């Protein structure tokens, strides 16, 4: 599987995530037949341009939290976009953004 093939599948997958729903790097990776490529699912998200209609904001980590990144703006934007989607997000002490994963999780 070429990297370009992967990136495209990941993107196709993410677009399938329903409004106001959420999925996981690892889940998407598995979903596209690449269980060990969870980190690369991150990369795919990061690579996207700001205009993209791909719901990159609907992908968090396995702990149901929003991942911290080099570009802190995204971390913030993801929280905001999700909240607009009507997604209850509380803030852990030692400010990490968290949510009830079992509820919002997307299951095809």
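Numbering follows the first chain given and starts at 1. For clarity, a rigid core is taken as the largest C-alpha set superposing within 1.5 Å between two forms.
- Root-mean-square C-alpha deviation from the shown form, taken over all structures in 8 other deposited structures of this protein superposed by the rigid core, is larger for 67-75 than for the alternative among 67-75 and 49-57.
- Legend: mean Cα B-factor per stretch from the PDB entry, 77-85 versus 51-59; the higher mean is in 77-85.
- For the pair 30-38 and 66-74, the mean B factor over Cα atoms is greater in 66-74.
- In this PDB entry, the Cα temperature factor of residue 94 sits in the top third of its chain's modelled residues, the highest group.
- Per the PDB record, residue ranking by Cα B-factor puts residue 7 in the lowest third of the chain.
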